[PDB]
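Colleague: This is the structure I have questions about; it appears just below.
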Amino acid sequence: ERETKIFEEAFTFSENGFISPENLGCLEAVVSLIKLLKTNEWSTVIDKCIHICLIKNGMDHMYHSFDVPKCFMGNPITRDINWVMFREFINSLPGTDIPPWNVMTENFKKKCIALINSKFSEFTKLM
């Protein structure tokens, strides 16, 4: 209860709440991203914590119905990952300042941007 209330207010990313369809849309890309890349310790901590939070609020089926959204594919069957738009999504992610999730969120964002470099706002209003 205590640490989940802290983590829900740490990943609001919107105005309505942690249960709104816009926040559930923007969390979907982060859960897809975490598993969509190399299994990091910070990435799997963020994944398990979002999973615990969606179990608590009664949205576990909506967690297990996650995939990449339609605003990151080029074709439905041809699984293509629009990395430039995804980098714009991660770069425009309003990560909060409250400890201890600000440091972890910032390091998560840095290693995701760094790993997509090593391979080579409007988003939440859309989804």
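Letters A, B, ... mark the chains of the structure tokens in the order given; residue numbers begin at 1 per chain; ligand numbers begin at 1, in order shown.
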Produce a table with one row for each residue of stretch 44-67 of chain A that has an atom at most 10 Å from any atom of stretch 5-19 of chain A, each row naming the nearest atom pair and its distance in Å at one decimal; use only C-alpha atoms; arrange rows by chain and rising residue number; format as a Markdown table.

Modeller:
```
| residue | atom | partner | partner_atom | distance |
| --- | --- | --- | --- | --- |
| A:46 | CA | A:7 | CA | 9.7 |
| A:49 | CA | A:7 | CA | 7.6 |
| A:50 | CA | A:7 | CA | 8.3 |
| A:52 | CA | A:7 | CA | 9.9 |
| A:53 | CA | A:8 | CA | 7.2 |
| A:54 | CA | A:19 | CA | 8.7 |
| A:57 | CA | A:19 | CA | 7.8 |
| A:58 | CA | A:19 | CA | 9.7 |
| A:59 | CA | A:19 | CA | 8.6 |
```

Colleague: Pull N, CA, C and O atoms from the residues just selected and write them as a compact mmCIF listing (two decimals), in the first residue's frame.

Modeller:
```
# COMPACT_ATOMS: atom_id res chain seq x y z
N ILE A 46 11.31 -1.40 -13.01
CA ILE A 46 10.19 -0.59 -13.49
C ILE A 46 9.07 -1.47 -14.02
O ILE A 46 7.88 -1.22 -13.75
N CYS A 49 7.30 -3.20 -11.04
CA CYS A 49 6.53 -2.26 -10.22
C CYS A 49 5.26 -1.80 -10.93
O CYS A 49 4.21 -1.68 -10.30
N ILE A 50 5.33 -1.56 -12.25
CA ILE A 50 4.12 -1.25 -13.01
C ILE A 50 3.17 -2.44 -13.02
O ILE A 50 1.95 -2.29 -12.94
N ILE A 52 2.90 -4.73 -10.51
CA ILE A 52 2.28 -4.77 -9.18
C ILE A 52 1.20 -3.71 -9.06
O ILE A 52 0.11 -3.97 -8.53
N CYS A 53 1.46 -2.50 -9.57
CA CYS A 53 0.46 -1.43 -9.52
C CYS A 53 -0.77 -1.76 -10.33
O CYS A 53 -1.89 -1.47 -9.89
N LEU A 54 -0.61 -2.37 -11.50
CA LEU A 54 -1.80 -2.75 -12.25
C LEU A 54 -2.49 -3.98 -11.68
O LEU A 54 -3.68 -4.19 -11.97
N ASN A 57 -4.77 -2.25 -8.66
CA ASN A 57 -5.96 -1.52 -9.08
C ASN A 57 -6.95 -2.38 -9.84
O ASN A 57 -8.03 -1.89 -10.19
N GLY A 58 -6.63 -3.64 -10.10
CA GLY A 58 -7.55 -4.51 -10.79
C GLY A 58 -7.47 -4.45 -12.30
O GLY A 58 -8.49 -4.65 -12.97
N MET A 59 -6.29 -4.16 -12.85
CA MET A 59 -6.10 -4.09 -14.29
C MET A 59 -5.00 -5.03 -14.76
O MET A 59 -4.22 -4.67 -15.65
```

Colleague: Give me every alpha helix (DSSP H) residue in chain A, going by DSSP on the backbone, as a PyMOL selection string.

Modeller: chain A and resi 2-10+21-35+41-56+60-64+83-91+101-119+122-126

Colleague: Could you check which of A:39, A:34, A:47, A:84 is closest to residue A:117, using only C-alpha atoms?

Modeller: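 Answer, going by the shortest atom-to-atom distance: A:84.
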
Colleague: So the first atom is atom CA of residue A:56 and the second is atom CA of residue A:91; what is the distance between them in Å, to one decimal place?

Modeller: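 Between atom CA of residue A:56 and atom CA of residue A:91 the gap works out to 28.6 Å.
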
Colleague: Near stretch 60-66 of chain A, counting only C-alpha atoms, which residues have an atom at most 8 Å away, once you skip same-chain residues fewer than 2 positions from it, shown as a PyMOL selection string?

Modeller: chain A and resi 28+31-32+51+54-55+58+68

Colleague: Kindly give the distance, in Å, that separates atom CA of residue A:121 and atom CA of residue A:69, rounded to a single decimal.

Modeller: 16.0 Å

Colleague: Enter the distance from atom CA of residue A:103 to atom CA of residue A:41, in Å, rounded to one decimal.

Modeller: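 These atoms are spaced 13.7 Å apart.
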
Colleague: Go through A:98, A:120, A:72, A:108 one by one, measure the shortest atom-to-atom distance of each to residue A:44 using only C-alpha atoms, and give the residue with the smallest value.

Modeller: A:108

Colleague: Which is closer to residue A:67 than all the others in A:35, A:87, A:119, A:109, using only C-alpha atoms?

Modeller: A:35

Colleague: With distances taken over only C-alpha atoms, which residue among A:36, A:126, A:71, A:104 lies nearest residue A:85?

Modeller: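 Nearest to residue A:85: A:71.
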
Colleague: For residue A:83, which of A:113, A:125, A:106, A:48 is the closest residue, counting only C-alpha atoms?

Modeller: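 Closest to residue A:83, using only C-alpha atoms: A:113.
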